[PDB]
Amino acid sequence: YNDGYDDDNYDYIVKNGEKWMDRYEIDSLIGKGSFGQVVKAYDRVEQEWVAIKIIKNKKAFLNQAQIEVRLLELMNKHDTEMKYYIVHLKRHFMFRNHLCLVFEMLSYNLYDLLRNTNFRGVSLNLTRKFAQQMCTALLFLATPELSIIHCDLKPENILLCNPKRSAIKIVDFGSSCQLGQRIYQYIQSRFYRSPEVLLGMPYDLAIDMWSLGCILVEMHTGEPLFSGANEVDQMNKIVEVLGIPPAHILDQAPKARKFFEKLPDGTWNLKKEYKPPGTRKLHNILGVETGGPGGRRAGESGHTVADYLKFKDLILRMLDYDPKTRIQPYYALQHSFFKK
């Protein structure tokens, strides 16, 4: 396979120390995904550290990464401070039959950060700083020329710039598309998958805002909001918190009958373990009146009942079952939660 440079997964077998095109020194493997791998490398020409995404030596992953290159170059074309919430692609090249995208070096992802909290979550103040950046990021992607749906927003795809600051960036546009399809695919990671994608419905940019509401509650509490074992468990866990989706959604939904039954009077309820619908109030999950999650924020600065109420309000508007009325990034940024 590829003069011994590839394993039987079509991945490039990475050697620490290796020098490339008399330009890059491969330090180490910092990432793995469906696409291939990510390595830390030193650019002797630009006197800087970089991340090199080495794509699998297989036509489909190469074509996917060519779409990622296209979308990343489209975003870098834009003359706005908001494009600094997306990881910067410096250049790309074919090397030993692998497409290699060269990115700015970033730090830990938001899941690493939750692990350093021992899954007890970060302060409401640091949550707000991440939420602000993520809404500006979604505002930038919803720019009509771009109209980019990320489709795989999760803690693992949101990285810190550096370990000292609260600045973050979104990576991995390999699952992304531009609006102009109105088709269904099995997409998003299950814990962050929107009700419309579960229901087999067509999707737009609103699915990334669903993912963001789930991510933000997790960043504060330490745990996934909706940690489903499967799509049925996933919908069931969403319905525990948010209740039954509106009938006007379920009436259009190709997979409605996988999760719900339509009753004689035309109302919908869950199919034949779990708490009754709307029993697991976000009010209680966040500990609004009880010192936050597991009461660990009891008399802490910036964790007042009214702070939790503003947060709860933002998230419930991000977790709207209706993609039409789910809050859009601009209005999320005007929310009283960010008037600090």
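C-alpha atoms forming the largest set that superposes within 1.5 Å between two forms make up the rigid core. A residue's number is simply how far along the shown sequence it sits, counting from 1.
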query	finding
Greatest C-alpha divergence in 9 other deposited structures of this protein once each structure is fitted on the rigid core, 114-122 or 73-81	73-81
Of 176-184 and 248-256, which departs more from this form in 9 other deposited structures of this protein by CA RMS after core fitting	176-184
Absent coordinates between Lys272 and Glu273 - deposited residues affected, binned into four classes	4 to 9
Between the two ranges 330-338 and 3-11, the one averaging a larger CA B factor in the entry	3-11
151-159 versus 256-264 - greater average Cα B-factor per the deposited record	256-264
From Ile315, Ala65, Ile285, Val45, residue of greatest CA B-factor	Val45
Member of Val217, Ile249, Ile207, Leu138 with the greatest C-alpha B factor (per the PDB record)	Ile249
CA B-factor placement of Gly31, once the chain's modelled residues are sorted into thirds	lowest
Record-listed C-alpha B factor of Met201: chain third	highest
Record-listed C-alpha B factor of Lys237: chain third	lowest
Lowest, middle or highest third - CA B-factor, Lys53	lowest
CA B-factor ranking of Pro195, expressed as a third of its chain	lowest
